[PDB]
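**Q** Structure file final-v3.pdb (PDB, N, CA and C atoms and all ligand atoms) is given on the next line.
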ATOM      1  N   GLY A   1       4.190 -40.435  62.419  1.00  0.00           N
ATOM      2  CA  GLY A   1       2.793 -40.388  62.932  1.00  0.00           C
ATOM      3  C   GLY A   1       2.647 -41.065  64.280  1.00  0.00           C
ATOM      4  N   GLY A   2       3.331 -42.191  64.453  1.00  0.00           N
ATOM      5  CA  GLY A   2       3.260 -42.916  65.707  1.00  0.00           C
ATOM      6  C   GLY A   2       4.423 -42.600  66.627  1.00  0.00           C
ATOM      7  N   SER A   3       4.892 -41.357  66.579  1.00  0.00           N
ATOM      8  CA  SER A   3       6.008 -40.927  67.416  1.00  0.00           C
ATOM      9  C   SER A   3       5.566 -39.853  68.404  1.00  0.00           C
ATOM     10  N   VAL A   4       6.336 -39.688  69.473  1.00  0.00           N
ATOM     11  CA  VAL A   4       6.027 -38.700  70.494  1.00  0.00           C
ATOM     12  C   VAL A   4       6.330 -37.288  70.001  1.00  0.00           C
ATOM     13  N   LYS A   5       5.390 -36.375  70.224  1.00  0.00           N
ATOM     14  CA  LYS A   5       5.555 -34.989  69.805  1.00  0.00           C
ATOM     15  C   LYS A   5       5.118 -34.031  70.904  1.00  0.00           C
ATOM     16  N   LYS A   6       3.822 -34.021  71.183  1.00  0.00           N
ATOM     17  CA  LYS A   6       3.266 -33.154  72.214  1.00  0.00           C
ATOM     18  C   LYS A   6       3.064 -33.920  73.519  1.00  0.00           C
ATOM     19  N   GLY A   7       3.909 -34.920  73.747  1.00  0.00           N
ATOM     20  CA  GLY A   7       3.810 -35.715  74.957  1.00  0.00           C
ATOM     21  C   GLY A   7       5.136 -35.841  75.678  1.00  0.00           C
ATOM     22  N   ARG A   8       5.135 -36.561  76.794  1.00  0.00           N
ATOM     23  CA  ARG A   8       6.349 -36.758  77.581  1.00  0.00           C
ATOM     24  C   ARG A   8       6.586 -38.237  77.853  1.00  0.00           C
ATOM     25  N   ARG A   9       7.735 -38.540  78.444  1.00  0.00           N
ATOM     26  CA  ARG A   9       8.083 -39.918  78.772  1.00  0.00           C
ATOM     27  C   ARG A   9       7.130 -40.471  79.819  1.00  0.00           C
ATOM     28  N   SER A  10       6.566 -41.640  79.538  1.00  0.00           N
ATOM     29  CA  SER A  10       5.628 -42.266  80.457  1.00  0.00           C
ATOM     30  C   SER A  10       5.862 -43.765  80.558  1.00  0.00           C
ATOM     31  N   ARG A  11       5.905 -44.263  81.786  1.00  0.00           N
ATOM     32  CA  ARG A  11       6.110 -45.686  82.024  1.00  0.00           C
ATOM     33  C   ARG A  11       5.110 -46.222  83.038  1.00  0.00           C
ATOM     34  N   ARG A  12       4.262 -47.133  82.578  1.00  0.00           N
ATOM     35  CA  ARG A  12       3.250 -47.746  83.425  1.00  0.00           C
ATOM     36  C   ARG A  12       3.874 -48.363  84.672  1.00  0.00           C
ATOM     37  N   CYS A  13       3.198 -48.178  85.797  1.00  0.00           N
ATOM     38  CA  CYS A  13       3.662 -48.691  87.080  1.00  0.00           C
ATOM     39  C   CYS A  13       3.911 -50.196  87.036  1.00  0.00           C
ATOM     40  N   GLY A  14       2.885 -50.951  86.669  1.00  0.00           N
ATOM     41  CA  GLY A  14       3.009 -52.394  86.600  1.00  0.00           C
ATOM     42  C   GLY A  14       2.391 -53.092  87.800  1.00  0.00           C
ATOM     43  N   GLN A  15       1.471 -52.413  88.487  1.00  0.00           N
ATOM     44  CA  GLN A  15       0.823 -52.989  89.661  1.00  0.00           C
ATOM     45  C   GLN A  15      -0.550 -52.366  89.909  1.00  0.00           C
ATOM     46  N   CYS A  16      -1.167 -51.843  88.852  1.00  0.00           N
ATOM     47  CA  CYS A  16      -2.489 -51.231  88.962  1.00  0.00           C
ATOM     48  C   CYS A  16      -3.526 -52.088  88.239  1.00  0.00           C
ATOM     49  N   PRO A  17      -4.806 -51.701  88.309  1.00  0.00           N
ATOM     50  CA  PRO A  17      -5.894 -52.443  87.666  1.00  0.00           C
ATOM     51  C   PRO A  17      -5.662 -52.641  86.172  1.00  0.00           C
ATOM     52  N   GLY A  18      -4.983 -51.684  85.549  1.00  0.00           N
ATOM     53  CA  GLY A  18      -4.699 -51.778  84.128  1.00  0.00           C
ATOM     54  C   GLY A  18      -3.552 -52.721  83.813  1.00  0.00           C
ATOM     55  N   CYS A  19      -2.422 -52.494  84.471  1.00  0.00           N
ATOM     56  CA  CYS A  19      -1.222 -53.292  84.269  1.00  0.00           C
ATOM     57  C   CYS A  19      -1.432 -54.761  84.627  1.00  0.00           C
ATOM     58  N   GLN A  20      -2.384 -55.031  85.513  1.00  0.00           N
ATOM     59  CA  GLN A  20      -2.651 -56.402  85.947  1.00  0.00           C
ATOM     60  C   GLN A  20      -3.559 -57.157  84.976  1.00  0.00           C
ATOM     61  N   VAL A  21      -3.942 -56.522  83.872  1.00  0.00           N
ATOM     62  CA  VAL A  21      -4.811 -57.177  82.898  1.00  0.00           C
ATOM     63  C   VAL A  21      -4.042 -57.597  81.647  1.00  0.00           C
ATOM     64  N   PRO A  22      -3.588 -58.861  81.595  1.00  0.00           N
ATOM     65  CA  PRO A  22      -2.854 -59.390  80.448  1.00  0.00           C
ATOM     66  C   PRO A  22      -3.788 -59.877  79.343  1.00  0.00           C
ATOM     67  N   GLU A  23      -5.093 -59.774  79.586  1.00  0.00           N
ATOM     68  CA  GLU A  23      -6.092 -60.210  78.618  1.00  0.00           C
ATOM     69  C   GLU A  23      -7.130 -59.121  78.370  1.00  0.00           C
ATOM     70  N   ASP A  24      -8.103 -59.429  77.518  1.00  0.00           N
ATOM     71  CA  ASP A  24      -9.167 -58.493  77.189  1.00  0.00           C
ATOM     72  C   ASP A  24     -10.372 -58.726  78.096  1.00  0.00           C
ATOM     73  N   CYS A  25     -10.749 -57.718  78.893  1.00  0.00           N
ATOM     74  CA  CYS A  25     -11.888 -57.862  79.792  1.00  0.00           C
ATOM     75  C   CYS A  25     -13.074 -58.457  79.043  1.00  0.00           C
ATOM     76  N   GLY A  26     -13.246 -58.036  77.792  1.00  0.00           N
ATOM     77  CA  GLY A  26     -14.307 -58.584  76.975  1.00  0.00           C
ATOM     78  C   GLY A  26     -15.649 -57.928  77.154  1.00  0.00           C
ATOM     79  N   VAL A  27     -15.665 -56.720  77.677  1.00  0.00           N
ATOM     80  CA  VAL A  27     -16.927 -56.046  77.913  1.00  0.00           C
ATOM     81  C   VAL A  27     -16.861 -54.537  77.670  1.00  0.00           C
ATOM     82  N   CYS A  28     -15.666 -54.012  77.407  1.00  0.00           N
ATOM     83  CA  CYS A  28     -15.522 -52.592  77.117  1.00  0.00           C
ATOM     84  C   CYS A  28     -15.588 -52.395  75.606  1.00  0.00           C
ATOM     85  N   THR A  29     -15.935 -51.200  75.159  1.00  0.00           N
ATOM     86  CA  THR A  29     -16.063 -50.935  73.717  1.00  0.00           C
ATOM     87  C   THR A  29     -14.873 -51.490  72.925  1.00  0.00           C
ATOM     88  N   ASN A  30     -13.675 -51.254  73.436  1.00  0.00           N
ATOM     89  CA  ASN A  30     -12.451 -51.704  72.780  1.00  0.00           C
ATOM     90  C   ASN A  30     -12.389 -53.223  72.645  1.00  0.00           C
ATOM     91  N   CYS A  31     -12.734 -53.917  73.717  1.00  0.00           N
ATOM     92  CA  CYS A  31     -12.710 -55.376  73.731  1.00  0.00           C
ATOM     93  C   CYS A  31     -13.865 -55.932  72.926  1.00  0.00           C
ATOM     94  N   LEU A  32     -15.041 -55.393  73.170  1.00  0.00           N
ATOM     95  CA  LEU A  32     -16.228 -55.809  72.459  1.00  0.00           C
ATOM     96  C   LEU A  32     -16.055 -55.546  70.973  1.00  0.00           C
ATOM     97  N   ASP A  33     -15.148 -54.627  70.661  1.00  0.00           N
ATOM     98  CA  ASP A  33     -14.835 -54.297  69.286  1.00  0.00           C
ATOM     99  C   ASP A  33     -14.080 -55.457  68.622  1.00  0.00           C
ATOM    100  N   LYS A  34     -13.659 -56.439  69.433  1.00  0.00           N
ATOM    101  CA  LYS A  34     -12.940 -57.606  68.931  1.00  0.00           C
ATOM    102  C   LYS A  34     -13.918 -58.684  68.471  1.00  0.00           C
ATOM    103  N   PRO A  35     -13.514 -59.530  67.509  1.00  0.00           N
ATOM    104  CA  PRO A  35     -14.367 -60.608  66.998  1.00  0.00           C
ATOM    105  C   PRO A  35     -14.794 -61.567  68.100  1.00  0.00           C
ATOM    106  N   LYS A  36     -13.837 -61.955  68.937  1.00  0.00           N
ATOM    107  CA  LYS A  36     -14.109 -62.870  70.039  1.00  0.00           C
ATOM    108  C   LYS A  36     -15.156 -62.291  70.987  1.00  0.00           C
ATOM    109  N   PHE A  37     -15.336 -60.974  70.941  1.00  0.00           N
ATOM    110  CA  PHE A  37     -16.305 -60.307  71.802  1.00  0.00           C
ATOM    111  C   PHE A  37     -17.506 -59.797  71.003  1.00  0.00           C
ATOM    112  N   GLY A  38     -17.668 -60.307  69.783  1.00  0.00           N
ATOM    113  CA  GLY A  38     -18.785 -59.895  68.948  1.00  0.00           C
ATOM    114  C   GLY A  38     -18.411 -58.823  67.938  1.00  0.00           C
ATOM    115  N   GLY A  39     -17.280 -58.163  68.160  1.00  0.00           N
ATOM    116  CA  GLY A  39     -16.838 -57.116  67.255  1.00  0.00           C
ATOM    117  C   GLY A  39     -16.318 -57.659  65.936  1.00  0.00           C
ATOM    118  N   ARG A  40     -15.312 -56.989  65.377  1.00  0.00           N
ATOM    119  CA  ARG A  40     -14.734 -57.405  64.102  1.00  0.00           C
ATOM    120  C   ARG A  40     -13.242 -57.078  64.019  1.00  0.00           C
ATOM    121  N   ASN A  41     -12.615 -56.824  65.166  1.00  0.00           N
ATOM    122  CA  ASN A  41     -11.191 -56.494  65.199  1.00  0.00           C
ATOM    123  C   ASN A  41     -10.888 -55.284  64.319  1.00  0.00           C
ATOM    124  N   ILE A  42     -11.910 -54.476  64.059  1.00  0.00           N
ATOM    125  CA  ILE A  42     -11.753 -53.292  63.227  1.00  0.00           C
ATOM    126  C   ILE A  42     -11.311 -52.099  64.063  1.00  0.00           C
ATOM    127  N   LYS A  43     -11.863 -51.999  65.262  1.00  0.00           N
ATOM    128  CA  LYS A  43     -11.521 -50.919  66.172  1.00  0.00           C
ATOM    129  C   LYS A  43     -10.287 -51.289  66.982  1.00  0.00           C
ATOM    130  N   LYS A  44     -10.128 -52.593  67.236  1.00  0.00           N
ATOM    131  CA  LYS A  44      -8.993 -53.123  68.005  1.00  0.00           C
ATOM    132  C   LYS A  44      -8.254 -52.024  68.772  1.00  0.00           C
ATOM    133  N   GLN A  45      -8.902 -51.486  69.802  1.00  0.00           N
ATOM    134  CA  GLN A  45      -8.309 -50.423  70.604  1.00  0.00           C
ATOM    135  C   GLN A  45      -7.802 -50.958  71.938  1.00  0.00           C
ATOM    136  N   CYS A  46      -7.031 -50.135  72.641  1.00  0.00           N
ATOM    137  CA  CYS A  46      -6.482 -50.522  73.935  1.00  0.00           C
ATOM    138  C   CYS A  46      -7.598 -50.768  74.945  1.00  0.00           C
ATOM    139  N   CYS A  47      -7.619 -51.966  75.517  1.00  0.00           N
ATOM    140  CA  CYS A  47      -8.635 -52.332  76.499  1.00  0.00           C
ATOM    141  C   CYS A  47      -8.724 -51.292  77.615  1.00  0.00           C
ATOM    142  N   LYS A  48      -9.938 -50.821  77.865  1.00  0.00           N
ATOM    143  CA  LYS A  48     -10.191 -49.824  78.896  1.00  0.00           C
ATOM    144  C   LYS A  48      -9.720 -50.303  80.269  1.00  0.00           C
ATOM    145  N   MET A  49      -9.895 -51.592  80.545  1.00  0.00           N
ATOM    146  CA  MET A  49      -9.486 -52.160  81.825  1.00  0.00           C
ATOM    147  C   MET A  49      -7.986 -52.441  81.854  1.00  0.00           C
ATOM    148  N   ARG A  50      -7.353 -52.425  80.684  1.00  0.00           N
ATOM    149  CA  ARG A  50      -5.922 -52.691  80.577  1.00  0.00           C
ATOM    150  C   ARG A  50      -5.107 -51.413  80.702  1.00  0.00           C
ATOM    151  N   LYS A  51      -5.679 -50.318  80.229  1.00  0.00           N
ATOM    152  CA  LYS A  51      -5.005 -49.023  80.266  1.00  0.00           C
ATOM    153  C   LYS A  51      -4.544 -48.687  81.680  1.00  0.00           C
ATOM    154  N   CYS A  52      -3.235 -48.502  81.831  1.00  0.00           N
ATOM    155  CA  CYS A  52      -2.645 -48.191  83.127  1.00  0.00           C
ATOM    156  C   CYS A  52      -3.240 -46.920  83.727  1.00  0.00           C
ATOM    157  N   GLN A  53      -3.326 -46.907  85.050  1.00  0.00           N
ATOM    158  CA  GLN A  53      -3.877 -45.787  85.795  1.00  0.00           C
ATOM    159  C   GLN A  53      -2.777 -44.907  86.383  1.00  0.00           C
ATOM    160  N   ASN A  54      -1.644 -45.519  86.711  1.00  0.00           N
ATOM    161  CA  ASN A  54      -0.525 -44.795  87.298  1.00  0.00           C
ATOM    162  C   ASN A  54       0.773 -45.106  86.569  1.00  0.00           C
ATOM    163  N   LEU A  55       1.359 -44.083  85.967  1.00  0.00           N
ATOM    164  CA  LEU A  55       2.605 -44.244  85.236  1.00  0.00           C
ATOM    165  C   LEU A  55       3.605 -43.164  85.635  1.00  0.00           C
ATOM    166  N   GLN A  56       4.887 -43.435  85.414  1.00  0.00           N
ATOM    167  CA  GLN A  56       5.934 -42.476  85.741  1.00  0.00           C
ATOM    168  C   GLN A  56       6.114 -41.482  84.601  1.00  0.00           C
ATOM    169  N   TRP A  57       5.786 -40.220  84.860  1.00  0.00           N
ATOM    170  CA  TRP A  57       5.901 -39.182  83.843  1.00  0.00           C
ATOM    171  C   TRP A  57       6.952 -38.146  84.220  1.00  0.00           C
ATOM    172  N   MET A  58       7.486 -37.469  83.209  1.00  0.00           N
ATOM    173  CA  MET A  58       8.505 -36.448  83.421  1.00  0.00           C
ATOM    174  C   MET A  58       8.402 -35.354  82.360  1.00  0.00           C
ATOM    175  N   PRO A  59       8.666 -34.091  82.737  1.00  0.00           N
ATOM    176  CA  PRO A  59       8.603 -32.960  81.806  1.00  0.00           C
ATOM    177  C   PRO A  59       9.476 -33.181  80.575  1.00  0.00           C
ATOM    178  N   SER A  60       9.001 -32.709  79.427  1.00  0.00           N
ATOM    179  CA  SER A  60       9.736 -32.858  78.176  1.00  0.00           C
ATOM    180  C   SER A  60      10.884 -31.858  78.094  1.00  0.00           C
ATOM    181  N   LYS A  61      11.900 -32.197  77.308  1.00  0.00           N
ATOM    182  CA  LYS A  61      13.061 -31.330  77.140  1.00  0.00           C
ATOM    183  C   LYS A  61      13.412 -31.175  75.663  1.00  0.00           C
ATOM    184  N   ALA A  62      12.396 -31.249  74.808  1.00  0.00           N
ATOM    185  CA  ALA A  62      12.597 -31.117  73.369  1.00  0.00           C
ATOM    186  C   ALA A  62      12.723 -29.653  72.960  1.00  0.00           C
ATOM    187  N   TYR A  63      12.200 -28.758  73.795  1.00  0.00           N
ATOM    188  CA  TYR A  63      12.258 -27.326  73.514  1.00  0.00           C
ATOM    189  C   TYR A  63      13.516 -26.710  74.118  1.00  0.00           C
ATOM    190  N   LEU A  64      13.957 -27.264  75.242  1.00  0.00           N
ATOM    191  CA  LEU A  64      15.147 -26.770  75.923  1.00  0.00           C
ATOM    192  C   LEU A  64      16.399 -27.471  75.408  1.00  0.00           C
ATOM    193  N   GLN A  65      16.310 -28.786  75.261  1.00  0.00           N
ATOM    194  CA  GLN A  65      17.433 -29.583  74.775  1.00  0.00           C
ATOM    195  C   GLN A  65      18.670 -29.372  75.644  1.00  0.00           C
ATOM    196  N   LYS A  66      18.447 -29.102  76.926  1.00  0.00           N
ATOM    197  CA  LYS A  66      19.544 -28.879  77.862  1.00  0.00           C
ATOM    198  C   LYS A  66      20.401 -30.132  78.002  1.00  0.00           C
ATOM    199  N   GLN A  67      21.412 -30.059  78.864  1.00  0.00           N
ATOM    200  CA  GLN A  67      22.307 -31.186  79.092  1.00  0.00           C
ATOM    201  C   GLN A  67      22.144 -31.733  80.508  1.00  0.00           C
ATOM    202  N   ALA A  68      22.145 -33.057  80.629  1.00  0.00           N
ATOM    203  CA  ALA A  68      21.997 -33.705  81.926  1.00  0.00           C
ATOM    204  C   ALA A  68      22.791 -35.005  81.984  1.00  0.00           C
ATOM    205  N   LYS A  69      23.961 -35.006  81.352  1.00  0.00           N
ATOM    206  CA  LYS A  69      24.817 -36.187  81.333  1.00  0.00           C
ATOM    207  C   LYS A  69      26.117 -35.928  82.090  1.00  0.00           C
ATOM    208  N   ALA A  70      26.899 -36.983  82.289  1.00  0.00           N
ATOM    209  CA  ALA A  70      28.167 -36.871  82.998  1.00  0.00           C
ATOM    210  C   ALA A  70      29.275 -36.388  82.068  1.00  0.00           C
ATOM    211  N   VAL A  71      29.288 -35.086  81.798  1.00  0.00           N
ATOM    212  CA  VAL A  71      30.293 -34.499  80.922  1.00  0.00           C
ATOM    213  C   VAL A  71      31.697 -34.692  81.489  1.00  0.00           C
ATOM    214  N   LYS A  72      32.613 -35.148  80.641  1.00  0.00           N
ATOM    215  CA  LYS A  72      33.992 -35.376  81.057  1.00  0.00           C
ATOM    216  C   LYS A  72      34.936 -35.336  79.860  1.00  0.00           C
TER     217      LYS A  72
HETATM  218 ZN    ZN A 101     -11.560 -54.335  77.821  1.00  0.00          ZN
HETATM  219 ZN    ZN A 102      -0.122 -49.566  85.859  1.00  0.00          ZN
END
Show the structure stored in the file as structure tokens.
**A**
Amino acid sequence: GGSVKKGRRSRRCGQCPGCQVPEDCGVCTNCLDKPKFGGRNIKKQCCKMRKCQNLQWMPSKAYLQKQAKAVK
């Protein structure tokens, strides 16, 4: 259930508004959903301000399963 299926490889940049947030903004639905923000840690979702904006993506190869290694 928590595995990649209809998606591709993605890696957050690490220098955007999202990646620069190591804490909970405390004002977005996700954060406010936390007890410390009045919530109840029931929704405990990814902070809207934390979610990366720019990540490295690449086409999937689960359907092709081609080869791209140093065959020898
Ligand atoms: Zn937030
Ligand atoms: Zn980022």
**Q** Could you list, as a VMD selection string, every residue within 8 Å of residue 37 of chain A, counting all atoms listed in the file and ignoring same-chain residues fewer than 6 positions away?
**A** chain A and resid 26 to 27 31
**Q** May I ask which of the residues A:64, A:16, A:46, A:32 is the closest one to ligand ZN 102 (chain A), counting all atoms listed in the file?
**A** A:16
**Q** Rounded to one decimal in Å, what is the spacing between atom C of residue 10 of chain A and atom CA of residue 58 of chain A?
**A**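 Calculated distance between atom C of residue 10 of chain A and atom CA of residue 58 of chain A is 8.3 Å.
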**Q** Using all atoms listed in the file, can you tell me which of A:24, A:12, A:63, A:5 comes closest to residue 49 of chain A?
**A**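 Nearest to residue 49 of chain A: A:24.
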**Q** I'd like to know which of A:45, A:54, A:22, A:6 is closest to ligand ZN 102 (chain A), using only N, CA and C atoms and all ligand atoms.
**A**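 Comparing A:45, A:54, A:22, A:6 against ligand ZN 102 (chain A), the winner is A:54.
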**Q** Kindly provide, as a PyMOL selection string, all nucleotide and amino acid residues lying within 12 Å of ligand ZN 102 (chain A), counting only C-alpha atoms and all ligand atoms.
**A** chain A and resi 10-22+49-56
**Q** Write the residues of the preceding selection, restricted to N, CA and C atoms, as a PDB file, in the coordinates of the input.
**A**
ATOM      1  N   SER A  10       6.566 -41.640  79.538  1.00  0.00           N
ATOM      2  CA  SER A  10       5.628 -42.266  80.457  1.00  0.00           C
ATOM      3  C   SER A  10       5.862 -43.765  80.558  1.00  0.00           C
ATOM      4  N   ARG A  11       5.905 -44.263  81.786  1.00  0.00           N
ATOM      5  CA  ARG A  11       6.110 -45.686  82.024  1.00  0.00           C
ATOM      6  C   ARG A  11       5.110 -46.222  83.038  1.00  0.00           C
ATOM      7  N   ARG A  12       4.262 -47.133  82.578  1.00  0.00           N
ATOM      8  CA  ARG A  12       3.250 -47.746  83.425  1.00  0.00           C
ATOM      9  C   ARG A  12       3.874 -48.363  84.672  1.00  0.00           C
ATOM     10  N   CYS A  13       3.198 -48.178  85.797  1.00  0.00           N
ATOM     11  CA  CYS A  13       3.662 -48.691  87.080  1.00  0.00           C
ATOM     12  C   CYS A  13       3.911 -50.196  87.036  1.00  0.00           C
ATOM     13  N   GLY A  14       2.885 -50.951  86.669  1.00  0.00           N
ATOM     14  CA  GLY A  14       3.009 -52.394  86.600  1.00  0.00           C
ATOM     15  C   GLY A  14       2.391 -53.092  87.800  1.00  0.00           C
ATOM     16  N   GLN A  15       1.471 -52.413  88.487  1.00  0.00           N
ATOM     17  CA  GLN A  15       0.823 -52.989  89.661  1.00  0.00           C
ATOM     18  C   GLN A  15      -0.550 -52.366  89.909  1.00  0.00           C
ATOM     19  N   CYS A  16      -1.167 -51.843  88.852  1.00  0.00           N
ATOM     20  CA  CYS A  16      -2.489 -51.231  88.962  1.00  0.00           C
ATOM     21  C   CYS A  16      -3.526 -52.088  88.239  1.00  0.00           C
ATOM     22  N   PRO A  17      -4.806 -51.701  88.309  1.00  0.00           N
ATOM     23  CA  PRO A  17      -5.894 -52.443  87.666  1.00  0.00           C
ATOM     24  C   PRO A  17      -5.662 -52.641  86.172  1.00  0.00           C
ATOM     25  N   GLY A  18      -4.983 -51.684  85.549  1.00  0.00           N
ATOM     26  CA  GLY A  18      -4.699 -51.778  84.128  1.00  0.00           C
ATOM     27  C   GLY A  18      -3.552 -52.721  83.813  1.00  0.00           C
ATOM     28  N   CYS A  19      -2.422 -52.494  84.471  1.00  0.00           N
ATOM     29  CA  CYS A  19      -1.222 -53.292  84.269  1.00  0.00           C
ATOM     30  C   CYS A  19      -1.432 -54.761  84.627  1.00  0.00           C
ATOM     31  N   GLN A  20      -2.384 -55.031  85.513  1.00  0.00           N
ATOM     32  CA  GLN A  20      -2.651 -56.402  85.947  1.00  0.00           C
ATOM     33  C   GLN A  20      -3.559 -57.157  84.976  1.00  0.00           C
ATOM     34  N   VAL A  21      -3.942 -56.522  83.872  1.00  0.00           N
ATOM     35  CA  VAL A  21      -4.811 -57.177  82.898  1.00  0.00           C
ATOM     36  C   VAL A  21      -4.042 -57.597  81.647  1.00  0.00           C
ATOM     37  N   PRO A  22      -3.588 -58.861  81.595  1.00  0.00           N
ATOM     38  CA  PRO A  22      -2.854 -59.390  80.448  1.00  0.00           C
ATOM     39  C   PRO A  22      -3.788 -59.877  79.343  1.00  0.00           C
ATOM     40  N   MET A  49      -9.895 -51.592  80.545  1.00  0.00           N
ATOM     41  CA  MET A  49      -9.486 -52.160  81.825  1.00  0.00           C
ATOM     42  C   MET A  49      -7.986 -52.441  81.854  1.00  0.00           C
ATOM     43  N   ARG A  50      -7.353 -52.425  80.684  1.00  0.00           N
ATOM     44  CA  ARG A  50      -5.922 -52.691  80.577  1.00  0.00           C
ATOM     45  C   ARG A  50      -5.107 -51.413  80.702  1.00  0.00           C
ATOM     46  N   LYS A  51      -5.679 -50.318  80.229  1.00  0.00           N
ATOM     47  CA  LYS A  51      -5.005 -49.023  80.266  1.00  0.00           C
ATOM     48  C   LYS A  51      -4.544 -48.687  81.680  1.00  0.00           C
ATOM     49  N   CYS A  52      -3.235 -48.502  81.831  1.00  0.00           N
ATOM     50  CA  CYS A  52      -2.645 -48.191  83.127  1.00  0.00           C
ATOM     51  C   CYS A  52      -3.240 -46.920  83.727  1.00  0.00           C
ATOM     52  N   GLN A  53      -3.326 -46.907  85.050  1.00  0.00           N
ATOM     53  CA  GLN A  53      -3.877 -45.787  85.795  1.00  0.00           C
ATOM     54  C   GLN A  53      -2.777 -44.907  86.383  1.00  0.00           C
ATOM     55  N   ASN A  54      -1.644 -45.519  86.711  1.00  0.00           N
ATOM     56  CA  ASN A  54      -0.525 -44.795  87.298  1.00  0.00           C
ATOM     57  C   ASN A  54       0.773 -45.106  86.569  1.00  0.00           C
ATOM     58  N   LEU A  55       1.359 -44.083  85.967  1.00  0.00           N
ATOM     59  CA  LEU A  55       2.605 -44.244  85.236  1.00  0.00           C
ATOM     60  C   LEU A  55       3.605 -43.164  85.635  1.00  0.00           C
ATOM     61  N   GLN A  56       4.887 -43.435  85.414  1.00  0.00           N
ATOM     62  CA  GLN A  56       5.934 -42.476  85.741  1.00  0.00           C
ATOM     63  C   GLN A  56       6.114 -41.482  84.601  1.00  0.00           C
TER      64      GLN A  56
END
**Q** For the helix (DSSP H, G or I) assignment from backbone DSSP, which residues of chain A qualify? Please present them as a list in words.
**A**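 DSSP-assigned helix (DSSP H, G or I) residues in chain A: residues 29, 30, 31, 32, 35, 36 and 37 of chain A.
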**Q** Which residue gives the smallest distance to ligand ZN 101 (chain A) among A:65, A:57, A:25, A:40, with only N, CA and C atoms and all ligand atoms counted?
**A** A:25
**Q** Counting only C-alpha atoms, what is within 10 Å of residue 35 of chain A, bar same-chain residues fewer than 6 positions away, as a CSV table (one decimal) with N, CA and C atoms, in the frame of the given file?
**A**
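Dumped everything to result-v3.csv:
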chain,number,residue,atom,x,y,z
A,41,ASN,N,-12.6,-56.8,65.2
A,41,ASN,CA,-11.2,-56.5,65.2
A,41,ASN,C,-10.9,-55.3,64.3
A,42,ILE,N,-11.9,-54.5,64.1
A,42,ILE,CA,-11.8,-53.3,63.2
A,42,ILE,C,-11.3,-52.1,64.1
A,44,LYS,N,-10.1,-52.6,67.2
A,44,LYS,CA,-9.0,-53.1,68.0
A,44,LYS,C,-8.3,-52.0,68.8
**Q** Could you write out, as a ChimeraX atom specification, all the residues of chain A that DSSP marks as strand (DSSP E)?
**A** /A:9-12,55-58
**Q** Please compute the atom N of residue 43 of chain A-atom C of residue 1 of chain A distance, one decimal, in Å.
**A** 18.2 Å
**Q** Find the residue from A:2, A:39, A:9, A:48 that sits nearest to ligand ZN 101 (chain A); use only C-alpha atoms and all ligand atoms when measuring.
**A** A:48
**Q** Take every atom of segment 30-43 of chain A listed in the file, pad by 4 Å on each side, and give me the axis-aligned box centre and edge lengths in Å, one decimal, as AutoDock Vina command-line options.
**A**
--center_x -14.5 --center_y -56.9 --center_z 68.5 --size_x 16.5 --size_y 20.0 --size_z 18.5
**Q** Do you have the atom CA of residue 8 of chain A-atom CA of residue 70 of chain A distance handy?
**A** 22.5 Å
**Q** Which residue out of A:30, A:68, A:38, A:4 has the minimum interatomic distance to ligand ZN 101 (chain A) when all atoms listed in the file are used?
**A**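 When distances to ligand ZN 101 (chain A) are compared using all atoms listed in the file, the smallest one comes from A:30.
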